[PDB]
Ligand SMILES: O=c1ccn([C@@H]2O[C@H](COP(=O)(O)OP(=O)(O)O)[C@@H](O)[C@H]2O)c(=O)[nH]1
Ligand SMILES: O=c1ccn([C@@H]2O[C@H](COP(=O)(O)OP(=O)(O)O)[C@@H](O)[C@H]2O)c(=O)[nH]1
Ligand SMILES: [Cl-]
Ligand SMILES: [Cl-]
Ligand SMILES: [Cl-]
Ligand SMILES: [Cl-]
Ligand SMILES: [Cl-]
Ligand SMILES: [Cl-]
Ligand SMILES: [Cl-]
Ligand SMILES: [Cl-]
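What follows is the structure, given as structure tokens:
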């Protein structure tokens, strides 16, 4: 709703940009591992047909397994290429959507994969890393768990990249956040695929379907716990991708639907038509908080 | 709101794409002029510092003046370059914002300019043409008035271009229209600057400020008169511009604010911050329908 007390100039000077945003993180792995204090860490890579890149992402994380990282899992989203074998050969455990949660038939989309990974993991902290990254850096996981392990009251950490500009992020997500959740425009890259959260938080929020999942988690965390529970950390440089605009438009439509559902805005539910005459669909139905399925699964949560 | 009766596939097949959309218009100037039947046509070019292009746009329209076109006006938006003299030298009448409506102090933005041009024009039909066009074609005005003069019940005509993809249009405007006014996704280029409307319609709707003006007029026309009152016509090929993403993000923010204000969505009113640390503002206040100022102006409407 209307927030005439907040201005853009205020947001550009927001204290959160100082206390909860790390542009030059300097935590070491050894000190992060010393700070775990009994918490365990699960790293989850969603993967749909990523045979060319998945092993490279896994190998940047695998030296952490058994130390900082307790579980390293690729959640296979129905791949028909060599994603599974290559992830295994790079040192990851691979779990299909069906094995993660056999009682429920899989739905398409990235949100489904991350939701199911809650049932397949045990860590008190869960780190998500995209498996299509061409140039992953081995400090991703340590930087993402830094605020969870050391800072107090942080439950969600968003990893951002410096440019050497994501169009949906800059034109869709951040301007709609300015309109609907203006404090969240402090987050540099709200749609980022590299982020970490505590299990308590992630088990208690719905998961948006498809490409809505990241923005849904960000807004639900903000609504439930406030901006101070969210942090962001610089992962380094990333050469920004060059995805087709038509893919981006269908993705923007789902981002809009998920943000509208979190913000009380009545979305029509109608998919996006594009003309050259092509259509895509949108989902208005989340997966409920995984906590709701507690007690009813063959594998305990 | 929720429209579970409409699907994207429906929209891709919509009868409106047949009866109200002209991909290959073949009207001649002589037959359009014969169909005026006492109506007059005003052509209005908003111009803020367009010295390099304004004369070229004017010259493509000027041979129509005294025949199909009754008035040809450049509405100078406070230019400090040679826009005014060059428009005059190309054959247009140039009117400042102050002279268009002296009783009211000018506000910044394109919407203000077009709103004020209602008070400066007399045509029963008003055609808007951007003055920054590098390659205007002399058939623009005839194609835009075709449906107004020949078809029945059309009050707004949107000119679109074939590509040899506008990012705000494809990622922001059309997906938000899919969510909030799904029938309007039939319109290929809702943010287009080349369009025509009847005076009765344009005098009776508010004008959104700044870059919200085109989408505000489209949604208000749709809400007031329905989709059949809107038409679109192919103006030909246009080499799409290459504006900076940062300009596009500020523009997207205002498009969002204007669409939200028309659709009952509570916009926060907060401007957009962008980080590299830059801010832009957004307006939630329209100019009221010009009909409301009737009787109170020194120049009668
Ligand atoms: O149904 C899906 C869609 C995406 N992804 C994964 O989620 C990440 C982000 O998807 P994106 O579409 O950006 O990747 P792409 O294959 O297009 O490069 C990638 O690791 C995908 O493999 C997935 O596991 N399941
Ligand atoms: O306050 C304004 C802003 C824009 N325009 C005009 O509206 C059109 C669209 O503006 P845009 O910003 O796309 O043009 P630019 O100068 O950026 O090429 C152009 O003819 C501008 O000269 C205007 O008259 N007043
Ligand atoms: Cl491999
Ligand atoms: Cl599926
Ligand atoms: Cl993006
Ligand atoms: Cl919680
Ligand atoms: Cl000139
Ligand atoms: Cl001004
Ligand atoms: Cl555009
Ligand atoms: Cl009317």
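Protein chains in written order, with the authors' numbering: chain A, 2 to 165, 177 to 288, 296 to 320; chain A', 2 to 165, 177 to 288, 296 to 320. A prime marks a further copy of an entry chain.
Backbone N, C-alpha and C define an ideal beta-carbon position, used for all residues, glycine too.
Residue interval of the beta strand (DSSP E) (run including residue i)
i, result
"residue 111 of chain A'", "First-last for residue 111 of chain A': 111 to 121, but that is the alpha helix (DSSP H), not the beta strand (DSSP E)."
"residue 297 of chain A'", "297 to 299"
"residue 129 of chain A", "126 to 129"
"residue 248 of chain A'", "242 to 249"
"residue 158 of chain A", "157 to 163"
"residue 63 of chain A'", "Residue 63 of chain A' -> no beta strand (DSSP E), and no H or E assigned at all."
"residue 95 of chain A", "94 to 97"
Beta-carbon gap between residue i and residue j smaller than 9 angstroms
i, j, result
"residue 242 of chain A'", "residue 139 of chain A'", "no"
"residue 234 of chain A'", "residue 196 of chain A'", "yes"
"residue 216 of chain A'", "residue 127 of chain A'", "no"
"residue 200 of chain A", "residue 161 of chain A", "yes"
"residue 100 of chain A", "residue 75 of chain A", "no"
"residue 17 of chain A'", "residue 147 of chain A'", "no"
"residue 282 of chain A", "residue 70 of chain A'", "no"
"residue 257 of chain A", "residue 211 of chain A'", "no"
"residue 190 of chain A", "residue 271 of chain A", "no"
"residue 269 of chain A", "residue 285 of chain A'", "no"
"residue 66 of chain A", "residue 39 of chain A", "no"
"residue 119 of chain A'", "residue 214 of chain A'", "yes"
"residue 26 of chain A'", "residue 155 of chain A'", "no"
"residue 313 of chain A", "residue 112 of chain A", "no"
"residue 183 of chain A'", "residue 183 of chain A", "yes"
"residue 239 of chain A'", "residue 198 of chain A'", "yes"
"residue 79 of chain A'", "residue 98 of chain A'", "yes"
"residue 81 of chain A", "residue 132 of chain A", "no"
"residue 301 of chain A", "residue 203 of chain A", "no"
"residue 273 of chain A", "residue 7 of chain A'", "no"
"residue 317 of chain A", "residue 72 of chain A", "no"
"residue 123 of chain A'", "residue 41 of chain A'", "yes"
Where residue i meets chain A, residues with beta-carbon distance less than 8 angstroms
i, result
"residue 188 of chain A'", "268"
"residue 296 of chain A'", "13"
"residue 184 of chain A'", "183, 184, 187 and 264"
"residue 2 of chain A'", "278 and 280"
Partners in chain A for residue i, counting only beta-carbon separations shorter than 7 angstroms
i, result
"residue 287 of chain A'", "200"
"residue 191 of chain A'", "268, 269, 272, 279 and 280"
Span of the alpha helix (DSSP H), counted from its first residue to its last, around residue i
i, result
"residue 234 of chain A'", "225 to 237"
"residue 325 of chain A", "The displayed coordinates of chain A run from 2 to 320. Any statement about residue 325 of chain A would go beyond what the structure contains."
"residue 108 of chain A'", "Segment: none, residue 108 of chain A' is in no alpha helix (DSSP H) and carries neither H nor E."
"residue 43 of chain A", "No alpha helix (DSSP H) contains residue 43 of chain A, which is instead part of the beta strand (DSSP E) from 42 to 48."
"residue 284 of chain A'", "No alpha helix (DSSP H) contains residue 284 of chain A', which is instead part of the beta strand (DSSP E) from 284 to 286."
"residue 186 of chain A'", "186 to 192"
"residue 268 of chain A", "257 to 274"
"residue 135 of chain A'", "Run containing residue 135 of chain A': none; DSSP gives neither H nor E here."
"residue 311 of chain A", "Neither: residue 311 of chain A is in no alpha helix (DSSP H) and is coded neither H nor E."
"residue 84 of chain A'", "84 to 90"
Chain-ordered neighbours of residue i on chain A', where CB pairs are closer than 8 angstroms
i, result
"residue 299 of chain A", "9"
Listed by chain order, chain A' residues near residue i by CB distance under 7 angstroms
i, result
"residue 5 of chain A", "281"
"residue 194 of chain A", "280 and 282"
"residue 177 of chain A", "257"
"residue 123 of chain A", "Those do not exist, as residue 123 of chain A stays about 37 angstroms from chain A' at its closest Cβ, beyond 7 angstroms."
Under 9 angstroms by beta carbon: chain A residues contacting residue i
i, result
"residue 180 of chain A'", "183"
Under 9 angstroms from the C-beta of residue i: neighbouring residues of chain A'
i, result
"residue 41 of chain A", "Within 9 angstroms Cβ-Cβ: nothing; residue 41 of chain A doesn't reach chain A', min ~34 angstroms."
"residue 210 of chain A", "Under the 9 angstroms cutoff, chain A' gives no residues; its nearest Cβ is about 26 angstroms from residue 210 of chain A."
"residue 54 of chain A", "Ordered by position in chain A', no residue passes the 9 angstroms Cβ test against residue 54 of chain A, which lies about 25 angstroms from the chain."
The segment 246 to 271 of chain A': positions lying closer than 7 angstroms to chain A by Cβ: Under the 7 angstroms Cβ criterion, the segment 246 to 271 of chain A' contributes 257, 260, 261, 264, 265, 268 and 269.
Using a Cβ distance threshold of 8 angstroms, determine whether the segment 217 to 224 of chain A' contacts the segment 257 to 268 of chain A', with at least three qualifying pairs required. Inter-segment contact for the segment 217 to 224 of chain A' and the segment 257 to 268 of chain A' is present: three or more beta-carbon pairs are separated by less than 8 angstroms.
How about the segment 48 to 63 of chain A' and the segment 80 to 95 of chain A': do they share at least three Cβ pairs that are nearer than 8 angstroms? Two segments are said to touch when three or more pairs of C-beta atoms, one from each, lie closer than 8 angstroms; by this definition the segment 48 to 63 of chain A' touches the segment 80 to 95 of chain A'.
Counting Cβ pairs, one atom from each stretch, are 3 or more of them under 8 angstroms apart for the segment 42 to 49 of chain A and the segment 2 to 18 of chain A? The segment 42 to 49 of chain A, when compared against the segment 2 to 18 of chain A, does not touch it at the 8 angstroms Cβ threshold.
Does the structure place the segment 142 to 158 of chain A close enough to the segment 250 to 257 of chain A that three or more beta carbon pairs sit under 8 angstroms? Verdict: no, contact absent.
Are at least three pairs of beta-carbons, each pair with one atom in the segment 29 to 41 of chain A' and one in the segment 144 to 160 of chain A', less than 8 angstroms apart? The way I'd put it, the segment 29 to 41 of chain A' does touch the segment 144 to 160 of chain A'; three or more beta-carbon pairs between them come closer than 8 angstroms.
Can you give me, in chain order, the residues of the segment 79 to 111 of chain A that have a beta carbon less than 8 angstroms from any beta carbon in chain A'? Listed in sequence order: no entries.
Could you name the residues of the segment 17 to 33 of chain A' whose beta carbon sits closer than 9 angstroms to any beta carbon of chain A, in the order they occur along the chain? Within the segment 17 to 33 of chain A', the residues whose Cβ lies closer than 9 angstroms to some Cβ of chain A are 18, listed in chain order.
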